[PDB]
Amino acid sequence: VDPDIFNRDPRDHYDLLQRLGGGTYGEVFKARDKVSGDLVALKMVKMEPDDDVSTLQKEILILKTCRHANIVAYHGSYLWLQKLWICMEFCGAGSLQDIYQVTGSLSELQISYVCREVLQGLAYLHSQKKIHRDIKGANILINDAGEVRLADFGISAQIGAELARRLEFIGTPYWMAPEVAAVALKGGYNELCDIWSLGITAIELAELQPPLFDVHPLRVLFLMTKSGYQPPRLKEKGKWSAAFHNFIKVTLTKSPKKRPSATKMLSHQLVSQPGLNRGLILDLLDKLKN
């Protein structure tokens, strides 16, 4: 299917180092290029005859076609002996979740900078008709240069494959009510779901967990679907500026018809204020080291 797939053992090119962690699926390993010495992350997914090939096809299609400074670099994929290895950028400091578990809460300027960089990556993804659908601290990586990169298109690939598979058993739409046609064509939502998740992520970076993290997941799902659901807010109002409170208020707009787009959010005071540069992330990395 993909003409650029390498039909060889990745071990021909890389020496496999330690296990780094897991993604939505697959296992991610640190590896080193045998000729250049460049470090990479190799995500290994089992690919036996009855494994989910459509999702992996969709994930590699996203990685190959969505190249941006705020998305982890993709180097190519290997298929050998029923294992698929996806080669991506090695981001030395891991995710923001790994960082704040050592470092504690990020400052408002650091959160603003992360939000700006993630919004640039989201505006790019949405412009190519892609939706991340899994924005959280665990999926925002920080490299040694203090660059902010979105990772793990596993959820995006699974939904993309499921929606393509379903649009074969859809049948004629002429008798469908508009709200049924909406779930048939778009799954009942749009790319603005990523704006809400970024608002939640900003709270997560400020408080070390998303709102209601201690509440049973099924109860959280039930509460969100009910009428009268109030969007979350920062708990310590006095610790944060009016700009940060307004950023949370507008990214957490309950109605998707009124939630601002990534490009509109890029004009917000929080991500347009003075003093936003990689130096803020370099300070976070200094705290992580010491």
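We call the rigid core whatever largest set of C-alpha positions still superposes within 1.5 Å between the two forms. Numbering starts at 1 and runs along the sequence shown.
In 5 other deposited structures of this protein, superposed on the rigid core, the segment with the larger root-mean-square CA displacement between 129 to 137 and 183 to 191 is 183 to 191. Stretch 29 to 37 is the one, of 29 to 37 and 234 to 242, whose CA positions lie farther from the shown form in 5 other deposited structures of this protein once all structures are superposed by the rigid core. Look at the mean CA B-factor for 120 to 128 and for 78 to 86 in the entry; the higher one is 78 to 86. Averaged over Cα atoms, the B-factor as recorded in the entry is higher for 180 to 188 than for the other of 139 to 147 and 180 to 188. Taking only the listed residues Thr253, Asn70, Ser36, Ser241, the entry reports the highest CA temperature factor at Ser36.
Sorting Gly154, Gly94, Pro217, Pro210 by the CA temperature factor given in the entry leaves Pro217 at the top. Among all modelled residues in this chain, the alpha-carbon of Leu234 has a temperature factor (C-alpha) in the middle third. For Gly104, the recorded CA B-factor ranks within the middle third of the chain. Only modelled residues enter the ranking. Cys66 sits in the highest third of its chain by CA B factor, as recorded in the PDB entry. Annotation for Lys264: C-alpha temperature factor in the lowest third relative to the rest of the modelled chain, per the entry.
For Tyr174, the recorded CA B-factor ranks within the middle third of the chain. Only modelled residues enter the ranking.
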